[PDB]
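Quick notes on the structure that follows.
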Amino acid sequence: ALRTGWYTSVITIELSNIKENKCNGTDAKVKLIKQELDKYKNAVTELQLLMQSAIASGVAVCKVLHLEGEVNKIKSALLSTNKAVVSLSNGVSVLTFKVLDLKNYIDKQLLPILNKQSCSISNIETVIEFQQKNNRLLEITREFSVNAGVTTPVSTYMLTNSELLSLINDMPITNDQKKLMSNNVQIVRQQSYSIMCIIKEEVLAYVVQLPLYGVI
Amino acid sequence: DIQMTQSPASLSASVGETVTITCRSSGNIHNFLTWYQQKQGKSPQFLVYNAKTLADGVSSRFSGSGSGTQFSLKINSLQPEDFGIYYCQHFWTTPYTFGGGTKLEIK
Amino acid sequence: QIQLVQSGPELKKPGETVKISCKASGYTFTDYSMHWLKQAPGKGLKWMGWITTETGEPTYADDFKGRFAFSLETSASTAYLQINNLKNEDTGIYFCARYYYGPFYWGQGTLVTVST
């Protein structure tokens, strides 16, 4: 199974805008929510600082997504679904994907409770839910922070097993190659890269530079 | 420099008919196109996020379709509200262009 | 809740200088670069350019090069345009917009008429 080429995906994450939480009161649940929100904002900040040949393909795709208009088109694409095939302006057809949706949870659940009742939370399941949802973003941030924004092998925090197989079942390849790549997913994690690309227009996007074996 | 053209440069319909507007791109804008409607001296409010998936807040009678070089907005029923000027724009690549405009008036 | 309130109407004379401002509330101003859209009486809508809200670097459409100048104040969260050497043809309605999911978001216009 000789790796002869690359297939650059694009993995997005809908971020939120943390508007200043104007509520006074330091109950334990509110304090834990505040600590998690602070860790979230810190993750976004370190990622923005992380942004601001084996990865030549991912580098090129990152420079293309930095052009004005491209994120808009990807966002419109992955709008109602959680997977699309957007064709970038330079002719290449990239396979976007939306592996996490944190804007939804943060806004809809947290922001009302934080703003209306002056930060009075009732149950303790919401804080565990939020830290569970946020741990994946924090761990992507940690991996990028340590590896200088280019991570190999692609861990299970970047691209889980179900999502790696959903990516493999949509690549433009024969059925034999899909079968091979689905039977050796650990060797496909050990052979790719995860370039960190952009934070812009309220979204986090990184490029997963999967391999493709033309010789089998 | 993808230039768009709308076929019904004028229009006239009843208060219960279904009318269909079309745009033809001068290039392959794969899927990316949208339809604004400008009331009597307002800012153009968009109706669809994309050629197909309409935008939240608007009524369900608007139904867009198309891909590549032939797109179609369909007002499935007219009311006193659905009257103004309808433009169409690609957002595939810069510079962005608009259709000539489709003026819709009562029958 | 994303708002882009714009300046008021104006009346100038050919050969003057004008500055139209656009205030942007409801989001982190530094996320989306702001785009400028010119309308015209009877003609169609015209997209003229944008200005990145991080570096301020502007870029212009080939019909609106030479005199139009975009600028912003990151702190105030507002961006403005400047149309040097007004002419009888620069009359119309000038729009400030940013990228929504697919389409734009238009703030109210500023009818800028140039008569003598």
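To be explicit about the labels: the chains of the structure tokens are called A, B, and onward in the order shown, and within each one the residues are counted from 1, while ligands get numbers from 1 in the order they are shown.
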
What are the closest atom pairs, with distances in Å to one decimal, for each residue of chain B lying within 10 Å of chain A, using only C-alpha atoms, rows by chain and rising residue number, as JSON lines?
{"residue": "B:29", "atom": "CA", "partner": "A:87", "partner_atom": "CA", "distance": 9.6}
{"residue": "B:30", "atom": "CA", "partner": "A:87", "partner_atom": "CA", "distance": 7.6}
{"residue": "B:31", "atom": "CA", "partner": "A:77", "partner_atom": "CA", "distance": 8.7}
{"residue": "B:32", "atom": "CA", "partner": "A:73", "partner_atom": "CA", "distance": 7.4}
{"residue": "B:49", "atom": "CA", "partner": "A:76", "partner_atom": "CA", "distance": 6.8}
{"residue": "B:50", "atom": "CA", "partner": "A:76", "partner_atom": "CA", "distance": 6.9}
{"residue": "B:53", "atom": "CA", "partner": "A:80", "partner_atom": "CA", "distance": 7.8}
{"residue": "B:91", "atom": "CA", "partner": "A:73", "partner_atom": "CA", "distance": 7.5}
{"residue": "B:92", "atom": "CA", "partner": "A:73", "partner_atom": "CA", "distance": 7.0}
{"residue": "B:93", "atom": "CA", "partner": "A:89", "partner_atom": "CA", "distance": 6.6}
{"residue": "B:94", "atom": "CA", "partner": "A:69", "partner_atom": "CA", "distance": 8.0}

Residue list for chain C near chain B as a list in words, 8 Å, only C-alpha atoms: residues 44, 45, 46, 47, 48, 49, 61, 101, 102, 103, 104, 105, 106, 107, 108 and 109 of chain C

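In this model, the gap between atom CA of residue C:91 and atom CA of residue C:42 comes to 11.6 Å.
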
For residue C:83: contacts at 12 Å, only C-alpha atoms, fewer than 5 positions along chain excluded, given as a ChimeraX atom specification: /C:12,14-21,38,64-71,89-91,94,112,114

Could you take the residues named above and write them with N, CA and C atoms, as a CSV table (one decimal), in the first residue's frame?
chain,number,residue,atom,x,y,z
C,12,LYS,N,-23.5,67.8,-1.3
C,12,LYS,CA,-22.2,68.4,-1.5
C,12,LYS,C,-22.2,69.0,-2.9
C,14,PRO,N,-19.8,69.3,-6.6
C,14,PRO,CA,-18.7,68.7,-7.3
C,14,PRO,C,-17.3,69.3,-7.0
C,15,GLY,N,-16.4,68.4,-6.7
C,15,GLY,CA,-15.1,68.8,-6.3
C,15,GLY,C,-14.8,68.9,-4.9
C,16,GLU,N,-15.7,68.4,-4.0
C,16,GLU,CA,-15.5,68.4,-2.6
C,16,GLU,C,-15.0,67.1,-2.1
C,17,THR,N,-15.0,66.9,-0.8
C,17,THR,CA,-14.6,65.6,-0.2
C,17,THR,C,-15.6,65.2,0.8
C,18,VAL,N,-15.9,63.9,0.9
C,18,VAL,CA,-17.0,63.4,1.7
C,18,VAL,C,-16.5,62.1,2.5
C,19,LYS,N,-17.0,62.0,3.7
C,19,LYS,CA,-16.6,60.8,4.5
C,19,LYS,C,-17.9,60.2,5.1
C,20,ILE,N,-18.2,59.0,4.7
C,20,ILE,CA,-19.4,58.3,5.1
C,20,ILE,C,-18.9,57.2,6.1
C,21,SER,N,-19.5,57.1,7.3
C,21,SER,CA,-19.1,56.2,8.3
C,21,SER,C,-20.2,55.1,8.5
C,38,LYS,N,-22.1,50.1,-3.6
C,38,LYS,CA,-22.7,51.3,-4.2
C,38,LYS,C,-24.0,50.9,-5.0
C,64,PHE,N,-13.8,51.3,-9.1
C,64,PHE,CA,-13.7,52.2,-8.0
C,64,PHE,C,-12.3,52.4,-7.5
C,65,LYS,N,-11.4,52.6,-8.4
C,65,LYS,CA,-10.0,52.8,-8.0
C,65,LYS,C,-9.6,54.2,-8.3
C,66,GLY,N,-8.7,54.8,-7.5
C,66,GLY,CA,-8.2,56.1,-7.7
C,66,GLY,C,-8.6,57.2,-6.7
C,67,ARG,N,-9.8,57.2,-6.3
C,67,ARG,CA,-10.3,58.2,-5.4
C,67,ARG,C,-10.9,57.7,-4.1
C,68,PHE,N,-11.7,56.6,-4.2
C,68,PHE,CA,-12.3,56.1,-3.0
C,68,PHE,C,-11.3,55.5,-2.1
C,69,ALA,N,-11.5,55.8,-0.8
C,69,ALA,CA,-10.5,55.3,0.2
C,69,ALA,C,-11.3,54.8,1.5
C,70,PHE,N,-11.0,53.6,1.8
C,70,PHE,CA,-11.6,53.0,3.0
C,70,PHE,C,-10.7,53.1,4.2
C,71,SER,N,-11.3,53.3,5.4
C,71,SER,CA,-10.6,53.4,6.7
C,71,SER,C,-11.5,53.1,7.8
C,89,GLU,N,-21.6,62.2,-11.1
C,89,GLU,CA,-21.8,60.8,-11.3
C,89,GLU,C,-21.7,60.0,-10.0
C,90,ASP,N,-21.1,60.5,-8.9
C,90,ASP,CA,-20.9,59.8,-7.7
C,90,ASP,C,-22.2,59.8,-6.8
C,91,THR,N,-23.3,60.3,-7.4
C,91,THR,CA,-24.6,60.4,-6.6
C,91,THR,C,-25.2,59.1,-6.5
C,94,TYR,N,-24.8,54.5,-0.8
C,94,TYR,CA,-23.6,53.8,-0.5
C,94,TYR,C,-23.8,52.9,0.7
C,112,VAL,N,-26.1,60.2,-1.0
C,112,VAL,CA,-25.1,61.2,-1.1
C,112,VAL,C,-25.3,61.8,-2.5
C,114,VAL,N,-24.8,64.9,-5.3
C,114,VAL,CA,-23.7,65.8,-5.7
C,114,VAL,C,-24.4,66.7,-6.8

Residues within 8 Å of stretch 76-78 of chain B, only C-alpha atoms, excluding chain neighbours under 2 positions, as JSON, numbers by chain: {"B": [13, 14, 15, 16, 17, 18, 19, 61, 62, 63, 74, 80, 81, 82]}

Same residues, C-alpha atoms, saved as a short mmCIF file (atom, residue, chain, number, x, y, z; two decimals), in the first residue's frame:
data_model
loop_
_atom_site.label_atom_id
_atom_site.label_comp_id
_atom_site.auth_asym_id
_atom_site.auth_seq_id
_atom_site.Cartn_x
_atom_site.Cartn_y
_atom_site.Cartn_z
CA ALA B 13 -48.58 38.87 -11.47
CA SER B 14 -51.76 38.38 -9.47
CA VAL B 15 -52.27 37.96 -5.72
CA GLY B 16 -52.44 34.17 -5.97
CA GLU B 17 -50.19 33.05 -8.83
CA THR B 18 -46.80 31.31 -8.72
CA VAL B 19 -44.02 33.18 -10.52
CA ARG B 61 -43.19 29.82 -0.49
CA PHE B 62 -39.83 31.02 -1.80
CA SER B 63 -38.00 28.00 -3.19
CA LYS B 74 -39.88 30.51 -7.30
CA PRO B 80 -49.06 42.08 -0.65
CA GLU B 81 -45.64 41.54 0.95
CA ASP B 82 -43.95 39.72 -1.94
#

Residues near residue A:33, cut-off 12 Å, only C-alpha atoms, skip fewer than 6 positions along chain, as number ranges by chain: A: 21, 26-27, 39-40, 106, 109-111, 113-114, 119-121, 123-131, 134

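Residues surrounding residue A:207 within 7 Å are residues 8, 9, 10, 11, 58, 194, 195, 196 and 197 of chain A [only C-alpha atoms; sequence separation below 6 positions excluded].
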
Prev. selection, C-alpha atoms, output as a short mmCIF file (atom, residue, chain, number, x, y, z; two decimals), in the first residue's frame:
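Output below, filename again.cif:
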data_model
loop_
_atom_site.label_atom_id
_atom_site.label_comp_id
_atom_site.auth_asym_id
_atom_site.auth_seq_id
_atom_site.Cartn_x
_atom_site.Cartn_y
_atom_site.Cartn_z
CA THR A 8 -6.37 17.55 1.93
CA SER A 9 -9.62 17.76 3.86
CA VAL A 10 -10.83 20.77 5.87
CA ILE A 11 -12.22 20.32 9.38
CA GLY A 58 -1.85 21.60 3.45
CA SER A 194 -3.06 17.90 10.80
CA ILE A 195 -2.12 21.45 9.80
CA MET A 196 -3.70 24.28 11.80
CA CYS A 197 -5.11 26.81 9.36
#

Computed interatomic separation between atom CA of residue A:162 and atom CA of residue A:2 (Å): 23.9 Å
